[PDB]
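The structure appears below as structure tokens.
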Amino acid sequence: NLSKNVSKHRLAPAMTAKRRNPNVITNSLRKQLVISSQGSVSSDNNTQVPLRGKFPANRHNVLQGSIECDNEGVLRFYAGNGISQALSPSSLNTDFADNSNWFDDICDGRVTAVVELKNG
Amino acid sequence: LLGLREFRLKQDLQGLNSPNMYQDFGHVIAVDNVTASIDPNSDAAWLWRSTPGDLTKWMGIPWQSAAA
Amino acid sequence: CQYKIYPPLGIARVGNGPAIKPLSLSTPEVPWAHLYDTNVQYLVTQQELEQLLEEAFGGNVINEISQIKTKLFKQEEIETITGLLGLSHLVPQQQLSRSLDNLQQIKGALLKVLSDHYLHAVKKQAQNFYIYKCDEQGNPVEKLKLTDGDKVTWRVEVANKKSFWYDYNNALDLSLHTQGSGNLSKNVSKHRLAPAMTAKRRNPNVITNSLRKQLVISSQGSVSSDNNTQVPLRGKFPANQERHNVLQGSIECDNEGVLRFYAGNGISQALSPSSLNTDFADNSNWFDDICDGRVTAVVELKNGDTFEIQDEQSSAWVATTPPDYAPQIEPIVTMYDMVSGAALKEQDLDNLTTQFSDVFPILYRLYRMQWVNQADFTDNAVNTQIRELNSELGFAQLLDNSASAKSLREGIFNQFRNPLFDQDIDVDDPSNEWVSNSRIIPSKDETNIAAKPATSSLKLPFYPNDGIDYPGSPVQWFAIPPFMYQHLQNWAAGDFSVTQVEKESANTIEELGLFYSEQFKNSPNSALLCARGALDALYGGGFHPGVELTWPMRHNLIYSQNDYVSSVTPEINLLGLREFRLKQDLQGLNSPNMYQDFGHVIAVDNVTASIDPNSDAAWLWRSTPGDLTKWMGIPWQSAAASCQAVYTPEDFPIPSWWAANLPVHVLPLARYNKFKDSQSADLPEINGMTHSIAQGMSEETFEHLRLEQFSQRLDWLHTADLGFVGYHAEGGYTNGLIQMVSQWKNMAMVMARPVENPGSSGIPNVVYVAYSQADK
Amino acid sequence: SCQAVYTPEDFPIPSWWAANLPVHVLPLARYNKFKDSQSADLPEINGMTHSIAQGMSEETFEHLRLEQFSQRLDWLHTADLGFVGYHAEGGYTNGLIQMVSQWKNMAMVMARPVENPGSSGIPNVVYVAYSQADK
Amino acid sequence: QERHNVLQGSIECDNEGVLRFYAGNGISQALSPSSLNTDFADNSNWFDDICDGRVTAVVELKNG
Ligand SMILES: [Mg+2]
Ligand SMILES: [Mg+2]
């Protein structure tokens with residue numbers, strides 16, 4: 001995927017990068033910047049379960065996705081509604097990548113299951 | 001047709017409860033942090049053992065600005 | 001070693017005043033010589049122009065006119081009557097001709113052209129360079145004295161590489177692995193308190209080394225003691241397409257072999273008018289007339305003998321810089337302090353010996369910051385305690401090293417920030433990150449999340465520092481360097497010495513400052529005092545990138561020599577006198593490393609590789625012309641406009657970057673003229689009131705009004721029009737940077753002035769007052 | 001927008017409607033540095049330790065009081081109107097934008113007493129600007 | 001005051017009596033580089049080399 005020449009001949013040097021939302025100090029307080037949610041669904045019930053978190057975490061409700069399982073055991077994952085917002089209206093997202101005070105509903109995570117047959 | 005592969009991501013089996021869920025490298029991140037991350041016994045190797053949120057965290061916030 | 005140049009690093013500052021002795025200033029050759037001089041004139045005055053013009057008169061002029069008077073004005077009508085007045089080197093000749101076409105009427109007509117060009121101009125601060133005869137060890141004994149047939153020839157070669165070099169994001173040495181020095185603690189790098197950032201190139205669209213050579217401005221010249229004609233140092237940008245001449249400086253040599261170096265006129269400009277300098281440090285398409293380079297000489301005596309002053313042990317350097325807008329107000333930590341700290345290792349600061357005269361500069365400079373910075377006038381508990389001690393003539397208690405005074409000394413010492421940066425922090429992961437528990441300086445990029453309340457008080461001084469980019473880092477704020485904090489710690493502990501003669505002159509801080517000033521003026525080592533004076537007025541932190549010079553100066557690798565020589569006085573150290581020389585590439589502008597860089601970026605790994613003097617990267621420390629100043633902001637004016645206040649959510653104290661040379665809060669002339677006089681003054685207007693109102697009032701009331709006026713401090717950025725003037729003006733940070741390019745020369749200049757009868761008002765007999773055209 | 005309109009001449013500074021939208025105020029922080037007399041029996045007197053405050057001459061003590069009384073703050077600086085932080089732009093337009101949220105944090109001027117002004121020249125009644133920033 | 005020369009045009013007359021009027025070189029400029037022309041029509045501190053005016057002549061024939 002990538003030739004050794006890029007590093008060896010210094011063709012595009014990696015740059016140092018600072019923290020986003022850098023006024024939030026201490027790791028404990030910076031955990032508020034992370035949006036998380038989880039859920040479970042079964043073959044026995046087709047009801048959709050929302051994956052909803054909060055920002056700043058423990059304020060705004062953040063729908064990160066939705067999950068379903070039909071009677072045949074296939075998982076269906078829906079993503080969010082595409083809602084992005086600043087904590088204050090006057091905080092504008094003028095940078096292509098690094099905008100402080102902003103959250104979005106993108107996410108990623110871990111998908112596990114457990115099979116339970118009738119013979120126990 | 002370029003083939004078919006069996007691949008799996010490295011994962012932290014504790015997920016949201018991993019003790020590395022909230023790890024970083026201090027005031028900046030740099031390539032030296034990624035150099036140290038190669039050694040699987042380093043204090044930095046957690047960079048490759050993904051916990052929830054680890055794949056999209058690099059991307060633009062919000063994504064709409066990055067798309068425009 | 002035979003002859004040597006002093007100072008080893010000279011300093012000349014730009015100004016729009018002319019490059020002539022009567023209308024210019026000289027870099028200090030003795031520290032503290034003029035701290036209370038209330039006759040100083042750092043701006044060109046009307047009186048000065050009148051005299052230079054009167055002295056241009058006859059000459060036979062005054063009756064070579066009368067000659068013309070009865071013969072009647074045409075062309076050489078007047079070209080004859082120029083010349084007789086040698087004013088072409090101050091005003092373009094035609095403007096002189098334009099002057100006389102529209103008509104003692106000749107004096108006024110030409111005084112107004114001089115006044116338009118130069119009245120209230122910021123005088124240039126020029127550097128005198130001297131040759132000293134040495135010794136058997138190479139110790140300077142006396143200035144060279146030319147006899148008949150003896151000749152001195154100086155050579156100067158300078159350059160500007162700002163537009164060729166890299167962005168300034170922060171000081172690269174903050175990540176440089178070290179055992180620690182007198183200037184910078186090992187803790188910053190070891191614990192990642194303010195990581196060094198990578199930096200891309202300036203003017204990145206100019207590619208290939210050979211084309212980038214055009215981004216470098218350079219010039220050279222020579223002058224001798226046989227001819228005092230001034231020689232300009234003129235380069236071109238882009239160097240050799242439309243090109244601009246850049247006056248980098250001017251050099252003169254007089255009868256006795258002294259070299260006077262004038263900096264440029266302060267002209268900065270873009271190649272296109274629409275390229276605005278909106279960044280504090282890195283603005284593409286810009287050039288300024290700052291420079292620095294190599295000073296050498298040759299002495300030829302009557303006897304054929306010839307001595308070459310070109311080795312790095314006896315050669316010198318020169319650097320030009322922004323003006324000093326408070327020349328009598330000294331930075332708390334100076335560039336000479338950096339030189340002294342660079343020769344010390346942090347772990348041997350145990351062995352440091354402390355006199356009170358090593359500690360006094362810290363307290364004295366801080367006290368005098370009240371004239372340029374509000375926090376040090378009304379929000380500095382140490383300056384108030386010093387005022388309390390002066391009130392009762394009890395300042396001498398601070399010179400008492402005994403146990404009965406420990407708690408007094410310790411109370412002051414404990415308010416100062418420790419340059420280990422390990423106090424007032426909480427550790428996450430004791431991966432360890434040191435997070436300050438004191439007041440942080442937030443980024444402009446706000447996050448609507450509750451700040452963490454500060455548990456620790458804010459230490460002194462209240463100035464930003466190298467780590468400003470990182471909220472929560474202890475290095476966001478300034479600490480006196482390790483070797484000076486050690487002096488103060490020894491003072492607090494009682495392990496310091498002082499003489500009885502000092503105690504007897506220490507009833508007030510001003511009395512002792514005048515005493516120590518006399519010790520400098522009577523110290524017999526003029527060569528080393530001149531080396532120190534050239535640098536005692538320059539800043540020595542924080543470096544982001546700074547004012548005049550930046551962080552390479554605080555590393556011993558930049559000096560080829562750096563030795564303690566002596567106390568200022570046999571019994572009084574006053575931080576010492578040192579013999580130091582810069583590392584120099586002896587080929588100068590012709591060095592094969594003149595145009596070297598590290599590719600697409602520079603990074604601390606490049607600095608790490610340069611430590612080894614045999615490495616490929618060691619050229620970084622072996623300076624070629626342009627190397628000292630290329631790190632700084634381009635143009636310097638936008639860096640100066642960014643070198644001001646940094647406001648916190650808490651209103652007070654207001655943090656200030658470099659207020660001793662770029663003031664933040666000043667006392668305008670307008671206020672001076674409202675507290676200058678006593679109630680008895682024989683004047684129809686007294687302190688801005690009618691004589692009748694001023695004398696109809698109580699004495700208490702009259703004195704109170706004096707002090708209120710004295711108390712009104714004005715933002716220095718408001719002493720000229722930096723984009724905030726007018727209905728719906730935007731003001732703000734960015735307009736300051738843009739407007740400073742033209743308005744730097746209209747900013748207020750701070751100058752000591754007398755108050756002849758303060759009475760009981762509380763106003764000192766010497767005040768420091770800011771003169772500008774808008775604040776009068 | 002209802003504040004100062006600066007001229008090339010520094011003084012006097014024109015102000016629109018300062019009686020109801022102040023332009024230069026006397027912050028709480030200054031009030032706490034001049035309201036006490038040297039006689040006060042507190043560990044902190046006018047922002048100084050008891051020892052320092054009572055060790056200075058009465059002349060000096062009163063002069064410090066009036067120096068503090070004379071420090072006036074730009075009202076627009078009594079909350080964060082866009083000028084706070086490293087490399088904050090500040091400026092006129094950010095003031096208009098941030099006032100929408102910050103109007104409620106702007107300093108409020110209120111009459112407050114000075115029990116014993118002594119010979120300082122401070123009146124018995126002062127009017128002090130209260131905001132969370134300036135306290 | 002620091003003043004700028006503005007070439008508003010150039011005029012020629014050939015031997016047949018035809019006047020030829022050239023306009024300027026197209027140079028517009030502010031008195032300060034930082035005065036930017038951000039309005040479509042009204043920018044203070046600018047000048048351009050556009051002009052207009054009066055054209056007259058005198059005919060002189062051989063017979064006076
Ligand atoms: Mg100064
Ligand atoms: Mg009202």
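By order in the structure tokens, chains are A, B, ...; within a chain, residues start at 1; ligands start at 1, following the order shown.
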10 Å shell around ligand 2 using only C-alpha atoms and all ligand atoms, listed as a PyMOL selection string: chain D and resi 17-22+109
Keeping only N, CA, C and O atoms, write the selected residues as a JSON list (two decimals), in the first residue's frame.
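Output (result.json):
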```json
[["chain", "number", "residue", "atom", "x", "y", "z"],
["D", 17, "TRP", "N", -23.84, 55.79, 25.15],
["D", 17, "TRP", "CA", -24.95, 55.79, 26.08],
["D", 17, "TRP", "C", -24.52, 55.19, 27.45],
["D", 17, "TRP", "O", -25.17, 54.27, 28.01],
["D", 18, "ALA", "N", -23.40, 55.66, 27.95],
["D", 18, "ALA", "CA", -22.72, 54.99, 29.06],
["D", 18, "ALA", "C", -23.52, 54.93, 30.36],
["D", 18, "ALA", "O", -23.27, 54.11, 31.23],
["D", 19, "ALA", "N", -24.54, 55.79, 30.48],
["D", 19, "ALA", "CA", -25.32, 55.77, 31.70],
["D", 19, "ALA", "C", -26.08, 54.45, 31.86],
["D", 19, "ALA", "O", -26.32, 54.00, 32.98],
["D", 20, "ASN", "N", -26.47, 53.83, 30.74],
["D", 20, "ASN", "CA", -27.21, 52.58, 30.77],
["D", 20, "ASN", "C", -26.43, 51.41, 30.17],
["D", 20, "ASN", "O", -26.68, 50.27, 30.56],
["D", 21, "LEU", "N", -25.50, 51.67, 29.25],
["D", 21, "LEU", "CA", -24.56, 50.66, 28.77],
["D", 21, "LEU", "C", -23.17, 51.22, 29.07],
["D", 21, "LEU", "O", -22.58, 51.93, 28.22],
["D", 22, "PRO", "N", -22.62, 50.93, 30.24],
["D", 22, "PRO", "CA", -21.35, 51.56, 30.62],
["D", 22, "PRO", "C", -20.22, 51.25, 29.65],
["D", 22, "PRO", "O", -20.23, 50.22, 28.98],
["D", 109, "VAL", "N", -23.54, 47.69, 37.59],
["D", 109, "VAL", "CA", -23.02, 48.74, 38.47],
["D", 109, "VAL", "C", -23.99, 48.93, 39.61],
["D", 109, "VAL", "O", -25.21, 49.04, 39.39]]
```
Distance-based interface of chain C with chain B, 12 Å, counting only C-alpha atoms, as a PyMOL selection string: chain C and resi 175+191-198+427-429+431-435+467-473+603-605
Chain B: residues DSSP assigns to helix (DSSP H, G or I), reported as an NGL selection string: :B and (15-17 or 31-38 or 45-48 or 63-67)
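As for atom CA of residue C:410 and atom CA of residue C:500, they are spaced 21.7 Å apart.
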Proximal residues of chain A relative to chain D (only C-alpha atoms; 12 Å) as a PyMOL selection string: chain A and resi 22-23+88-92
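A distance search around ligand 1 (7 Å at most, only C-alpha atoms and all ligand atoms) returns the following protein and nucleic acid residues: residues 324, 325, 326, 327, 328, 329, 330, 331, 537, 660 and 661 of chain C.
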